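Colleague:
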Amino acid sequence: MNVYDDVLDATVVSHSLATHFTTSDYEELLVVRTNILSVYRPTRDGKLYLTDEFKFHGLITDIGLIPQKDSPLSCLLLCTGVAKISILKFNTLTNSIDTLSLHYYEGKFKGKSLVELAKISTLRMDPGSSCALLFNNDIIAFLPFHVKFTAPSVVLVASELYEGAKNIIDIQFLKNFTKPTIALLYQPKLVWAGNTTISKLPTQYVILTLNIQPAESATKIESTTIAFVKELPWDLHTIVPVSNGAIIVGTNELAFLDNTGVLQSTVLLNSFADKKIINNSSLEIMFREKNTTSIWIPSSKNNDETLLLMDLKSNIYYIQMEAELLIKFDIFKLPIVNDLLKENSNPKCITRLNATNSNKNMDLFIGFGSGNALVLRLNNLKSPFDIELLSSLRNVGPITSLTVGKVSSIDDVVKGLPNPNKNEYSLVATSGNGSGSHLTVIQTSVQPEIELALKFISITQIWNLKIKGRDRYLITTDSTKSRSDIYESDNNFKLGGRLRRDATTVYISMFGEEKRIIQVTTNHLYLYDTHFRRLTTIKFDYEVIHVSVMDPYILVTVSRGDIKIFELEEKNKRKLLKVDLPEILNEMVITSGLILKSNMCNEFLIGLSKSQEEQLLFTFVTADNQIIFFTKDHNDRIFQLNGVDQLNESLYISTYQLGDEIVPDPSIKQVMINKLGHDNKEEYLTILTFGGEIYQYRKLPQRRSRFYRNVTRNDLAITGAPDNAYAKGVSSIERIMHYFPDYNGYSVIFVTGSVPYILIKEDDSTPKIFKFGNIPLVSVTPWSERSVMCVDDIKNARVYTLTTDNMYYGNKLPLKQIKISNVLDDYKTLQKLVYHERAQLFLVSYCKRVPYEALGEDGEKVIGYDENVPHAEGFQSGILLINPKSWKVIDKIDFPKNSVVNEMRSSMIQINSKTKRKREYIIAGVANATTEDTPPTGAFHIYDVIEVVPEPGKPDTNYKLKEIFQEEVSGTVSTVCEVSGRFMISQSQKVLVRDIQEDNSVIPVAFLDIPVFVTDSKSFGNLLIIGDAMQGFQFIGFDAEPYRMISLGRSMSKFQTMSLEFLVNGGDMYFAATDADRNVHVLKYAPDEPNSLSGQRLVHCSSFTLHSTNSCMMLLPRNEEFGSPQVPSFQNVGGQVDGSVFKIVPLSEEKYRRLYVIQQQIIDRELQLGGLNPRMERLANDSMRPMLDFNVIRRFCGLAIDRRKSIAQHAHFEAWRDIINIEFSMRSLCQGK
Amino acid sequence: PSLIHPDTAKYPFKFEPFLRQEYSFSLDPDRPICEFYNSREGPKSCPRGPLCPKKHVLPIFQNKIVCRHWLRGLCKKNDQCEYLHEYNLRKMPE
Amino acid sequence: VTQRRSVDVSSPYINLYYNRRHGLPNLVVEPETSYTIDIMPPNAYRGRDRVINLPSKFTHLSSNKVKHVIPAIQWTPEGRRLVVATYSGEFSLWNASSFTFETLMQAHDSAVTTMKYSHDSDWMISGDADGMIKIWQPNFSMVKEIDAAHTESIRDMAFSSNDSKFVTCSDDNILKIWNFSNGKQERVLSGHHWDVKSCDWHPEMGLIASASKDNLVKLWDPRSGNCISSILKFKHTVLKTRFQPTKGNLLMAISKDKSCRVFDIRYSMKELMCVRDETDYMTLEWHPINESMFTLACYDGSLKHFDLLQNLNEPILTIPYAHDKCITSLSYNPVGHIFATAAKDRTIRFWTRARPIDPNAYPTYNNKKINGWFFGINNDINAXXXXX
Ligand SMILES: [Zn+2]
Ligand SMILES: [Zn+2]
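Residue numbers (the numbering used here), protein chains in the order written: chain L, 343 to 1575; chain G, 94 to 187; chain B, 818 to 1205.
#1: Quick one: residues in its chain with C-beta nearer than 8 Å to the C-beta of L:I905, no 5 flanking neighbours on either side, listed in chain order?
#2: Below 8 Å, how does it come out for the region 974–994 of chain B and the region 1013–1025 of chain B: are there three or more Cβ pairs, yes or no?
#3: Mark G:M185 as exposed unless 16 or more other C-beta atoms lie within 10 angstroms of its C-beta, in which case mark it buried.
#4: Looking at chain B, is there any beta carbon in it that lies within less than 8 Å of the beta carbon of L:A597?
#5: Do L:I850 and L:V1133 have their CB atoms nearer than 8 Å?
#6: Please classify G:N131: is it buried, with 16 or more other beta-carbons within 10 angstroms of its beta-carbon, or exposed?
#7: When the Cα atoms are used, what is the spatial distance from L:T1123 to L:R902?
#8: Less than 7 Å separating the Cβ of G:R124 from some heavy atom of ligand 1?
#9: Measure how close the beta-carbons of L:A1415 and L:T1399 come, nearest whole angstrom, since I'm counting them as under 8 Å.
#10: Please compile the residues from chain B whose C-beta is within a distance smaller than 7 Å of the C-beta of L:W534.
#11: If you draw a straight line from the alpha carbon of L:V1479 to that of L:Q1510, how long is it in whole angstroms?
#12: Quick one: which unbroken alpha helix (DSSP H) runs of 4-plus residues sit fully inside the region 986–1062 of chain B? Chain order, please.
#13: Can you tell me where the beta strand (DSSP E) holding L:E856 begins and where it ends?
#14: Would you call the region 547–554 of chain L in contact with the region 1139–1151 of chain B, where contact means no fewer than 3 C-beta pairs closer than 8 Å?
#15: Examine the Cβ distances between the region 1427–1439 of chain L and the region 1542–1554 of chain L and report whether three or more of them are shorter than 8 Å.
#16: Between which two residues does the alpha helix (DSSP H) holding L:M1518 run?
#17: For B:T1169, go through chain L and note every residue whose CB falls closer than 8 Å to its CB, in chain order.
#18: Less than 8 Å between CB atoms is the rule here; does G:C168 satisfy it with respect to chain B?
#19: What residues in the region 1366–1388 of chain L have a beta carbon less than 9 Å from any beta carbon of chain G?
#20: Which of helix, strand or coil does DSSP assign to L:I970?
#21: Say whether the region 1152–1166 of chain L touches the region 733–747 of chain L, bearing in mind that this needs 3 or more beta-carbon pairs closer than 8 Å, one atom from each stretch.
#22: Excluding sequence positions up to five away, which residues of its chain have a Cβ less than 6 Å from the Cβ of L:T742?
#23: Leaving aside the five residues before and after B:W1011 along the sequence, list all residues of the same chain whose C-beta is less than 7 Å from its C-beta, in chain order.
#24: By the 10 Å Cβ neighbour count, where 16 or more other Cβ atoms means buried, how is L:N586 classified, buried or exposed?
#25: Am I right that L:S787 and L:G1115 are in contact with their C-beta atoms under 8 Å? What's the rounded C-beta distance?
#26: Say yes only if the C-beta of G:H149 is nearer than 7 Å to one or more non-hydrogen atoms of ligand 1, and no if none qualify.
#27: What residues of chain B sit near G:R124, judged by a beta carbon separation below 9 Å?
#28: Could you check whether the Cβ of G:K157 sits closer than 7 Å to any heavy atom belonging to ligand 2?
#29: Given a cut-off of 8 Å on the beta-carbon distance, is the pair L:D653 and L:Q662 in contact?
#30: Would the C-beta of residue 1206 of chain B count as close to ligand 2, meaning under 7 Å from any of its heavy atoms?
#31: Should L:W576 be labelled buried (16 or more other beta-carbon atoms within 10 Å of its own) or exposed?
#32: Relative to the alpha-carbon of B:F875, which residue among B:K1161, B:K1035, B:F1051 and B:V824 has its alpha-carbon at the smallest distance?
#33: By a C-beta neighbour count over all protein chains shown, 10 Å radius and 16 as the cutoff for buried, is L:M1518 buried or exposed?
#34: Looking at the structure shown, is L:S428 part of a helix, part of a strand, or coil, going by DSSP?
#35: Check whether the Cβ of L:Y1494 sits closer than 7 Å to any heavy atom of ligand 1, and report yes or no.
#36: Does at least one heavy atom of ligand 2 sit under 7 Å from the Cβ of G:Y176?
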């Protein structure tokens, strides 16, 4: 009984298409991460600015654009998991995606395939824009279009299309044909390197000119066979269509097959290809991908077309063409002399984003499955060309491993004062898969760099002032002691007089184009010159609470609820004038008012209608929750943000109408429309609830009157709860938002409280709240240029400025790229990172992909020994000890060739069994990854991290890995886990628990025969889950005094297990084991149940289809924020190959049943994006109590407050108080020792 | 708390009473060997019985020399074996 | 100290659960033997690369020292050992790790006609040339020696998907579904006018196929003793029957007649491929991980590997002189990496997956020593075909 939340949302760019979708104005680069479709508008500078982000409940397997009639903005087509086409029109009015048609094929496909369907059902679009096919493995769906939107869809096996076509290698639609044409590249007899000796030239390529004849009930498909090619290289895997005809990108051979059929020319790419124009290339390049990414660009204003192909090793290959007959056919590796694609690998999708009406000087986005998804600019095309990294989209690679560890809190005191992230751990990933692989510190909190830190006495609110841009005068105040003392630039008091120093000031700021100073003290407003002297004083009958300032205006809200707006007399700027505000709001009950300058309701105004200029409008929040506003020249015509009392997805501005619908339920404490992001300063209405809940609406560039928030996208995590739930986050320090136009270029909204939040928009993403340090924050003030001073609850003010050097502020959690692979040595691919608390430092096992040497136990190579050919990628591992204070690699302990540290864990192994002195040792399970027929070699390497004398120059190098014990043992050491003071390592089908003695003599003590290979092992005290590579997993108890590895329960459903890990939730324990089939299986050990057979058969209670193969699942404690922790509960934080990080946070059976009522009520009542029912989606074939997609629960959080309270089936509050318990489960990382 | 490796041997389970009855294995790994218990009789010797907080050594585990058959995962006598079912090199005939 | 041919998937699985743990896709192997690292372990390959884990490379011939006629062959589901039945009535146990025999268990009083492990990968039913069957632990200890299993010698065992009940068949015309946990027969299967030569249980749904000398496969229901459909497509006698152990979507049945058929339980009991070999087929086994891939074997040896998505009319890979004599029994380890097969020549041959380059790949009729020292430290060897 669990919830699944993406802690870090997916980031690996799998698919991307640059065609008008959101807006017809600019060419929009849609980018599929894996479940998150994000629409970017590339600028002339290249930087991708996100217009609209969409989170689909289900993996976007493949995407394409089909143009729709009557409208310029082209419809989208995405595939969800195994064969599930979703047609998507972007509705301009709602600014969200509506499904035109959903097409389930998974059912129809199983009824045609005799084999299991391939997980990645690949989609193909036709250039004629008439029929888009979806093929799995020899089985094809055809989705025709009328030129309703979609014609009734057919499903047919390739044997129905062509007489042969026995197993499809790749289909692609071909260029320039009147009626649409597929080109089925297939093998009748299947052939790999091994079948090559008997079957020669055994790939058949057939072009079939389809006759898509659609009837309104069901379509009939007859395929005219225009061309049949019989004898082609076995390796031909990808068909890429070019105007003259298809290119076939094979592993070793690359054959151009024209539209008429006959092979015009083929290029032998390397040494492995052999066969009619033959082109022999000695440049040993190979396309070892099953489907190689390839950007084909047509000619414009011409006979100049380009096709670029990409190796997995991330090399661009421009292929030359001459359409006439075909001459000039050769591949060319583009000279990447400035290695910027070195940091990337596994290119998944290339797309040209800027058309420039010319084939040369192209800007193209390449999405990578490893490195950052780069936007390149190719400047020329030669057979003075230079590529440049025009823009970057941050990709957290495949998150190879994941471990909690202190990256901050390593310094207990920084700049004198205590650390902002004191007693704060953060789960650090190992992103990247290649020469640009890097530790990614997936931080729970924004780690802010301190410029200046000073201790303060008896203060609560700070107001620094920049008299001429430079900060010169700082103001401190106290609510309790009743005093407001004024500091300086060098932080010295009374520098300076005539202030209301004896009473609590509420607001002090620059005024009248940085000449005057307004001090609003509780009872008396004041006006000052640059040098402080009282010029104008305004008295009030009631105590001033809410107060805002723009350049020529002050607004004050008194204790009664009455508001007063004041304008500066601009002619001399001395005295103050009362603004004749509309009398309509005097009857209204105002909670908080803010002066605002944005072009939000300028369309509704009589002056500058459709002009786009920031008219100064005074926003207010009514007690019945609606943002009312007006300009100075209002003429009693007041505007409102309509539908905030419900706070629904759309948020249009209209004229305010007063009646008797007044329900004083205040839930908008602070509201602000602010430009956000370092480059693309997008306006954002940002509601803050009295329950410390932040809602954030976007001002839409088209129709600026209408505001909209992506409810489906879970960008902003829930900071609070509306129905007084999570009161702990609001009752301590009052939640007040502070907008800063420049914090480090980045425009942010700081949110003060016990838990501080920072709304950071990056260009790459929707603006996200992040936890701002572990420390509480009382009040923020903008320190001298691109810096913000923040004061602690303990009154320790620190000038912070966000790091941008390697940080990224999308992915719904702030993350720090740590490139430890520097210039002098690149540790390509970082695997199985582990933190070591006894030394407070990280260990990561690098694994350089060495040229593999195929040899037995003897030094002689196996008989197929060839040196001229390019060798296969083997393994050359090694551990790096990294001290995270400096993040320099301290100690490199390399391993022999063919060796790879499959798993490495820091333990608490017992040194003496009687004494129970658990010294923290790391154990690296290295395995000599070799051929199947070579004897399996492996070694477990145990390391004690010792305080060594540091090198005279650099500090932090005061630790070195000490090889206390290593043993090159029979069988592959594929996993290590510390089972209660003893560590088990895997072997070939064996698991030996080793015990470490005080003499460092390590003896195996307990033994267990496992089914075929351990992928992953985890221990929960003296329990174990030893994951069998295809035979599910053994759940294993472990005894000591008589060392018995007692087999407790095999997983009944046997599956290719990916990463095991426990999730306990009290009482009976549950195990999450992920699959090769991207599927979490939660199995509980229930020996109480009779069907479970004494526990020996684990009851498979929940399956949950992920959006990626879970690379490393990892247990860490969860923060029970609302409730009290009687039993230490553990959530389950798993990485993803798509660069997501999920939490399988488990729940109480009461707690879950509340959310499962919500989930089932959200899916049914509220519509999803691609029409995809998440409960139906997150299921593949191995109890009716499913794991909950929190991505669909946080839709309840994004839901309209009226409908939200309606969905309660006393329980609404009880729901919220545990929805926070799921989102705040990661905040356990903010508690140390 | 201690977030980086909190494996926690002292976690309470619903199957903790079961694992004392069957398998003779409690959630405390290196718990002491209980007094007033002999392997020859079984649960009848101990006053606490099967739900004993301390551990119960089986006749197979107090046996001297290790099993060659169990070491290769195929001993006919899974219980009442004249050899040991504990893989320690101290008690080994090579 | 002494080196031996060690076909062990553990090393490739690392290479897999690295490539899978980084999303670095299953790299297409190139002809040169360095690429043998990227031959990922069988269940890594599905679809247009299944032909990789199709077993063609002769690995090892072994004989049980005493040289006895093997009645049945079944792998221990963990993939670790191959259990070899004996006409003497013993379980010879050739492990996968080295192709060396572990101790003979001496199972039954007479010859063990068949043995089969549970899908829970623990228990195994054996059988006899007398009536009896025995329930075994994976560590081989006779849990329930059911003496009065059948009036005649049993023929084939098969477990349910939940392995809570299993089917026996015999030289008696009737089948018995035994409720496994009690060791008593739940429902008897009244049908077939002649002896039930073989039977198999569908590995997902409740369905039991039954090869009979009545030349028909009746498809029984476990809940009630009646056949839901009787396939009448066979002519002489249905010799054996199986399913795809993975999905179960395809039932298969071999004949003592030249014919052989593969069916769909999914689609109205339709046949897909009526393959006829001039030399009569004897035994079949589906590739344990790759649906629509199996191996038939003939009276002329002829280890004929097939695919339902490559050639319906034809075998994919013929090994025409695999064994000297008629192959009686064959099984893949559920891993898929080794495919063991035994004949009435009293020798059990193991067949691994191919390795991208070897001159002895495709051997074809070896005169004196077909088992000519293949454990010589290395996988691949040069050429005529036999060594020493
Ligand atoms: Zn006792
Ligand atoms: Zn024994």
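We put the CB at the ideal spot given by N, CA and C, even for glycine.
Modeller: From the atom records:
#1: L897, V898, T899, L923, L927, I932, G935 and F962
#2: yes
#3: exposed
#4: no
#5: no
#6: exposed
#7: 28 Å
#8: no
#9: 5 Å
#10: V846, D866, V868 and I869
#11: 25 Å
#12: none
#13: L:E856 -> no beta strand (DSSP E), and no H or E assigned at all.
#14: no
#15: no
#16: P1516 to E1519
#17: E1274 and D1275
#18: yes
#19: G1379, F1380, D1381, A1382, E1383, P1384, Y1385, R1386, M1387 and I1388
#20: strand
#21: yes
#22: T772, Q1173 and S1453
#23: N990, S1029, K1030 and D1031
#24: buried
#25: 5 Å
#26: yes
#27: Here the premise fails: no neighbours, minimum Cβ distance about 27 Å.
#28: no
#29: no
#30: Given that chain B is displayed from residue 818 to residue 1205, the structure contains no residue 1206 of chain B and the question cannot be resolved.
#31: buried
#32: B:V824
#33: exposed
#34: strand
#35: no
#36: yes
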